[PDB]
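Chains as they are written, first to last, in full-length UniProt numbering: chain W, 288 to 524; chain D, 59 to 524; chain E, 45 to 553; chain Y, 66 to 444, 453 to 553; chain G, 245 to 298. Here's the structure, in structure tokens; my notes come after.
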Amino acid sequence: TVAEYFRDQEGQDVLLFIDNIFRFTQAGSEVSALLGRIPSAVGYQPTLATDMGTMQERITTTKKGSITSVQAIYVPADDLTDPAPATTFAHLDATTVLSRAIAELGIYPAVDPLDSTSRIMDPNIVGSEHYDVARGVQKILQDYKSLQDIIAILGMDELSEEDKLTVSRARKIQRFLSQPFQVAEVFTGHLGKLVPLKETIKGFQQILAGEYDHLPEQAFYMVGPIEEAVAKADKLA
Amino acid sequence: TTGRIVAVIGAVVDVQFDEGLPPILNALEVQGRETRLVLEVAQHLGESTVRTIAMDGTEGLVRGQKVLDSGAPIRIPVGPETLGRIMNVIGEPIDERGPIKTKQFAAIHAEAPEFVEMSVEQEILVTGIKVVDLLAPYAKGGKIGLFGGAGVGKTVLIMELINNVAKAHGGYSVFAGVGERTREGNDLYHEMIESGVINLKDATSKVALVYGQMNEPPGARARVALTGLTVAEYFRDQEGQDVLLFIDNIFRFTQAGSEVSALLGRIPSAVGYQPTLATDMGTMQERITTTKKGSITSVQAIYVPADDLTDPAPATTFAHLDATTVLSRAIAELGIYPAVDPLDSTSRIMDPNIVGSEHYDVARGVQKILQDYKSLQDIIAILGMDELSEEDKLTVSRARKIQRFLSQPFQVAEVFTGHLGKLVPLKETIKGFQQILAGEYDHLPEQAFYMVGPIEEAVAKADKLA
Amino acid sequence: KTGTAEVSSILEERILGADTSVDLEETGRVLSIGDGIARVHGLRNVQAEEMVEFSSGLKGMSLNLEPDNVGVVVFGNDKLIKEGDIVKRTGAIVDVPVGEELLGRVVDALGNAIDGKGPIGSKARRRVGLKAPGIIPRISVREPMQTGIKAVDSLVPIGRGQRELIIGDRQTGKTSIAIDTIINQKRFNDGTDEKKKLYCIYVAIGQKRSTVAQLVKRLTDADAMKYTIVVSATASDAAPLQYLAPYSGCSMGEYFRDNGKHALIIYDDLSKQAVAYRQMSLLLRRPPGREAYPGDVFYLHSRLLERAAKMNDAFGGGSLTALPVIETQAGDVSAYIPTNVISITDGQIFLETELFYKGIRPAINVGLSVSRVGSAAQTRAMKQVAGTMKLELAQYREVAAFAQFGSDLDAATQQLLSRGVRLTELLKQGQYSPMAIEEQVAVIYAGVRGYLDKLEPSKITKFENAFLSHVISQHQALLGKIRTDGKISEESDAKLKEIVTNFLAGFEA
Amino acid sequence: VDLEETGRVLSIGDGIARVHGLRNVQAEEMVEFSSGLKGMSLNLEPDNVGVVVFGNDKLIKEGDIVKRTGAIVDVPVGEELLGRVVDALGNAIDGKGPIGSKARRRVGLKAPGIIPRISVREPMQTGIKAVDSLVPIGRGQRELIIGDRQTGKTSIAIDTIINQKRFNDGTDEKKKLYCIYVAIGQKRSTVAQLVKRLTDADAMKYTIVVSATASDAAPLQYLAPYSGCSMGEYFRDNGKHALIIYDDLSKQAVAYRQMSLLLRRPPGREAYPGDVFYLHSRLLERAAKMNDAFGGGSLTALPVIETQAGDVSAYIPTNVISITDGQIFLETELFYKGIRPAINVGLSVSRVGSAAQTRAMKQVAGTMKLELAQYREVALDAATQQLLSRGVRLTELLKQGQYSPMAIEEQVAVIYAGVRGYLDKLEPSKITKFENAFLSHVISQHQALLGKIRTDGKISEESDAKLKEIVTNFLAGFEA
Amino acid sequence: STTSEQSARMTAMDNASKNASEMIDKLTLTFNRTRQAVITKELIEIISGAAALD
């Protein structure tokens, strides 16, 4: 209700942080029983969809401003078939699925890359340089997963070699996404390094170009733009 | 007060009590009831109605009947004359050797000592089973939870333990066959009598038998448990006597409870499991311990519902444990008797202190070996195995050997096994493993360790293999 | 309230003071009927557990004596009943007619000979409301009972009074097995083996009539039917009826037991019952629990099953031996009802399809097949060879485990396999294979002394028949003797052996 | 006659007294029964009062008069529970007669405000290297102790508690942490030993033990934490630092659900009622690290969760998880191996642990943590073999069994050694041995240094050179 | 050697699959069960394990 004021009235491009809608929904669900109502499967509140719907639809970009909605969604057991997230997606425009695995892979940004998506992306919209780089990236990495399966047989420095190159690249790529945090001296120690966009697209595009195919692999970890990663290799040796 | 059976809907007998009522728990005797059909008021169902539990059969009963409150809960004979008696829940000799004329009767709700009132300290008893002592040493008052399959020799094992212990330990016993297999009580009977653990020449024994067989109404089966419980406190405090309390099966108790809960038109929780699952236990378990006046050591059989332990019931169980022997079916299946799980056949109360620090360390090392070894199992399972590295392979073997060595023959089931049972002195055990830890049984194969007593005999056995 | 009784024929007179009806205490008017649970209004003085009779000739039982009405389990179908209907007590709970004039019958469990004799009804009835004997009443299962199935009789040798689970899948010869036994009991029953005057009770739970029909036909054929009740609750049934059937049998069999005779009940199967009953409960609303089953499905059964026993002397020492059946699905055992049953049953008989595909009918998982009972269930005859054999097989199997890198690793193990295999050949049995112990031990003997181990596996069987026909022919003497001495006597053995060696020589050559 | 403040026990389930009347009772009033029991008129039904009975009856028979006490519950709170075992009513099952706590405070009071609250910056330590190191921890903080059974778990809490001995018995005003052990559903025995243990260990003088043993009636067992909570706030808000160890909430929940169900107030997921996150949430939100107004005080929450087979996906665990500021996950295999710590480190978590602890440790620990990662990771290379060597050394080094707490400085010292690979020049068994000797060596000698290191709050470079030298001397000089 | 090895590689690769084959089978049970366990469990919740009996 407040934000709608600003949006329409104050025009504002609202950034709306919600942490977490999940708790709302959950709150709804909690009551559901006690509202006498049936809850739902997965415990929910039967009305969940509208609850959401009305809400999600409550907010938008009119031609009376925009509420840009940064909505934290706790995802229990990161289980997303977990009806709530399952629904959520419809109301999402860009889905950011943060991957605990990746987090575990030490990465910060710890994201789930392939599931942090926007159905939106396009070689038009984002330009193909963007798009394509991404599709290539998305591709290779998923394929790399296929390769993990190989590696399980074949080992830390033994495979089929082109494929090895790409593996290694994937290993760089991974690292290249890793990015410091100014806030988090506590998580990073580092201080944030921001990458202005082109430098990113290029960043990977270049990696894709394999221009560092002789550069160290984790000379990509916790960086800002790609140069600095190159720089970083030197800093080692 | 007198009540009228207003509903018998199954053995939930709703009696509306009409000369008032006493409080809950008060035991009612149904009037017109053939035998003494005690209904225990369970709830004041309200409106001077109680939900009560029949523990007898209700067949043929004219409803509308008249129940006369026995005015208190159920009291049952207490005093030593109960040792060498098979009592049913309601006292009543199902030894059927005629009465158990006791001087004391007791209402089966016995209580728990306040903190100050209970010896706040533990002991270390031991058992003579390698596997046990080593991994779960003993103590007194301690309730051990024993998992696995009756007559794998789960049940047998219990007996064997009794077999050495009651005799050896003076401090009395209670055996609670909750939903007991009547037959198993019979045989056992001829045996006990015979055995002179049960003495009939002297009504007493060293041990009182409580059987509350399966065919009893659940209420009875559920309640036979408190009954026994009441007794041991009698023995402890009153008789000094340090009961070993065999519960077979507390789960069967429980089952009777849950089943009951349901019928009690309550909400018996997840899986149907009684709301009160815990409270029944808590209240009960705390009626067990080493008080100052003795110890009621529980040997608690828990047969595993649908064989799962993540099952809340066992979850609960755990809270009260002192030692747990979780038999592994896998192990049992691996043709290992004892059937042990070597990962929660435990005592927290194994400490370098409680047992030898060595004992403990050796154990930790062992515990380790097994623990690591298991890790390999998965891998091995997938992948064949041999390139892990040999030391591990050694551990593996050792572990297996250890496994086999933990397999410890049993005389009582020599009949089956042809294996002469072995109850093992502590040293042989410690040593046993130490030797194995020293990995000396090089050449010597796995099966050279199967079903022996002291470790030498295994060494010997390898030789016998040769 | 319960809009029932707010029936304004019901209400409509209590109001008036114009009431007085059916009895509403010894008879009731069906408040509603649906669900086979005839809420029958009234029924107050109503006996508990009482069989009532409906105004349909259908029987019902007064399960829940509710203060208003009775949840009445219907012994029929309520397409054959309707609302309001007067249910008059029968006053009495269930007893089932019990006696002996059932041996030779296929009845419905309502004791009406669906065979087509109609009830050759027992004068007496005996309570299904009857319960298990006491500890003291029992004196141990020791009396064997041997099926004429070598494998069984040896390895999970069978006592009496017992309760042993028959477990196995979709007519994996399961029934075939049951028959071979039944036929086998014939000789004892054709003996006047009063110890083994084993009255067979076939509780058919849920079997569609045709399934029964071959089977019964088979029993007829085995003429074993003569000492046999076939308690029959077919697929066409109301559920309680299938449910009831064991209990019915239960009244009946304990009578033999208690009259010194030996009763055998085959419950085939409680799996269906359990379902049915659970369902029944559930239909009654009446709980479920684990696997949707009410918890007292255990009680139900437990209570049911304690009633099978091997008695003490008071009971003529007799038995009611239970061979319960559960038909497995994929050996599902934490399968609650299996879990239960296992803890109850005093060993269990595993059947395995593979073995079946192997032709090995019977299909047994021996390793698991266990007689918790074990030694008590035997005879020395068997004990003497079977002891070693069982053991030898144990090893064989262990080594059937260990048979695939070459088993020619050590001689023993190759051997164990060869030997084992020989024995394996022996333990497969045809369909319709009752057997006599002396042959069985004979045949075993041959193998455990390895003579057959000096023979090609195919010919083992071949021998076996031949050997049988041979010994039957000549060494009838000996067969008499093994039976006589009750064991393999060392002499009988020497003659036997001698026979074997010669016979073997004749068989092989 | 009050059927509007008093009631007649209409029906009593056996713990839920449906009480006819009571009306005028205010919601969530403690009532008192004519069985002498307490109750809470929890459920104000439009007819009768679901009164959760705070007692055990067969004393109640229907019609029993249920009397208002006329009070919404408060509990005695204070600071004199230190050296006391209590039950939630404020009675003291210690049998030390009754407590010294005397001010009473609603357990129903809620979560501090942001400004009242003041972020952690305040260390928190256990004498357990791994913990203090690998969890960087402050006070105020929720950290879940999660694990199945004292498997040292319970030990874990103890070593910490014991550790506080040096501090509370030190004049570490700031590290004067009132320990609140809410013992929820614990066998009396367990407690007995424990009680004894702690007593023997005497942390107990600066310690509340709220003891709701296994038997104890469920709402009570349930209540005990809230009680404890009120009491701990008592310190918190009063500048001081209380540590409540909620031990364990699994059992509380259970009880609670059960309670609900008996109130026929519905279940929820896993048959557990819907508020149950909330349950704790509100509870734990009442825990805080305060601002200055509260003397800066804190109530550090070490809630405990007992998992069932490490299953945490489990609604309630997830619940809890989503609240806590991390967890101490314990893994059996290592325990079982004898490795105490037994932890699954990965699973033990501090989202942002480091913002309320200590440079000393930090200086060695960050880097170390990482090395261990690397060491761990790799399921030969001299490096890796090294990491392994190190790692294993360090394993010993973080290995302090059950019954082993410490002053920090001792810990940093030994850690330092290990991080200098000094230890890698030793057989792993002898790390432990060495460590013992070494420790008594520095204790002896370089108590000087340790005193200082403790003093600098950090490790000085200078100290390092002395230390290096020390260590080396001991090292070398007892390397055999 | 190499012939041996390669032929051995088949062998190794067999071996693996024998193991596999079984497991695969077994898991499939584990499956049903966890499924059913599930299904059922909900069906409970469903069967007024969240309904009438909320």
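Positions of the beta carbon are idealized from the N, C-alpha and C atoms, including for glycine.
In the structure shown, the three-state DSSP call for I164 of chain Y is coil. At least 8 Å separates the CB of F394 of chain E from every CB of chain D.
Rounded to the nearest whole angstrom, the C-alpha separation of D380 of chain D and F394 of chain Y is 23 Å.
Taking 8 Å as the CB threshold, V385 of chain Y stays off the interface with chain W.
By the neighbour-count criterion, in which a residue is buried when 16 or more other Cβ atoms sit within 10 angstroms of its Cβ, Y401 of chain E is exposed. For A266 of chain D, the enclosing beta strand (DSSP E) stretches over residues 265-270. If you compare the alpha carbons of E:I370, E:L199, E:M269 with that of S315 of chain E, the shortest gap goes to E:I370. Counting C-beta atoms within 10 angstroms of its own C-beta, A224 of chain D has 16 or more neighbours from the protein chains shown and is therefore classed as buried.
A straight line joining the alpha-carbon of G165 of chain E with that of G61 of chain D spans about 41 Å.
The region 316-402 of chain Y is shown to contain whole beta strand (DSSP E) runs of 3 or more residues at 363-371, 391-394, in chain order. Inside the region 401-430 of chain E, DSSP marks whole beta strand (DSSP E) runs of 3 or more residues at positions 408-415, from first to last along the chain. The C-alpha of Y431 of chain D is placed about 25 Å away from the C-alpha of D258 of chain G. Going by DSSP, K539 of chain Y is part of no beta strand (DSSP E) but of the alpha helix (DSSP H) stretching over 534-549. Interface annotation, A336 of chain E: in contact with chain G, CB-CB separation under 8 Å.
Contiguous alpha helix (DSSP H) elements confined to the region 121-206 of chain E occur at 194-199, taking only those with 4 or more residues.
The Cβ-Cβ distance between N228 of chain Y and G192 of chain Y falls below 8 Å. Under the three-state reduction of DSSP output, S295 of chain E falls in the helix class.
Only residues of its own chain outside the window of five on either side were considered, and among them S536, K539, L540 have a CB closer than 6 Å to the CB of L522 of chain E, listed in chain order. Under a criterion of Cβ atoms nearer than 7 Å, the residues of chain G adjacent to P326 of chain W are, in order, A294. Taking the C-beta atoms as reference points, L367 of chain Y is found nearer than 8 Å to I310 of chain Y.
Secondary structure at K350 of chain D: coil, using DSSP grouped into helix, strand and coil. When C-beta distances to chain G are compared with 7 Å, every residue of the region 298-332 of chain E stays at or above that value.
In this structure, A359 of chain D and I308 of chain D form a Cβ contact; the two beta carbons are roughly 7 Å apart against a cut-off of 8 Å. Cβ neighbours of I354 of chain W within its own chain (closer than 6 Å, five residues either side excluded): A290, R294, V301, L303, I346. Chain G places a beta carbon closer than 8 Å to that of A374 of chain E, counting this residue as a contact. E87 of chain D is positioned such that its CB atom lies no closer than 8 Å to that of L119 of chain D. Neighbours of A439 of chain W across chain G, judged by C-beta separation under 8 Å, do not exist; the nearest C-beta is about 12 Å away. Beta-bridge annotation (DSSP): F293 of chain W is not paired with any residue.
In terms of beta-carbon proximity, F463 of chain W stays away from the interface with chain Y, with every pair separated by 8 Å or more.
Per DSSP, reduced to three states, the secondary structure at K531 of chain E is coil, with no helix or strand assignment. By the C-beta density criterion, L523 of chain D is exposed, having fewer than 16 other C-beta atoms within 10 angstroms. Contact between the region 315-332 of chain Y and the region 294-302 of chain Y is absent, with fewer than three C-beta pairs closer than 8 Å.
Judged by their CB atoms, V147 of chain D and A328 of chain D are not nearer to each other than the 8 Å cut-off.
When rounded, the separation of the alpha-carbon atoms in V384 of chain W and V398 of chain W is 6 Å. Considering only Y:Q215, Y:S254, Y:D267, the residue with the shortest C-alpha distance to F232 of chain Y is Y:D267.
For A457 of chain W, there are no C-beta contacts with chain G under 8 Å, since the nearest C-beta of that chain is about 27 Å from it.
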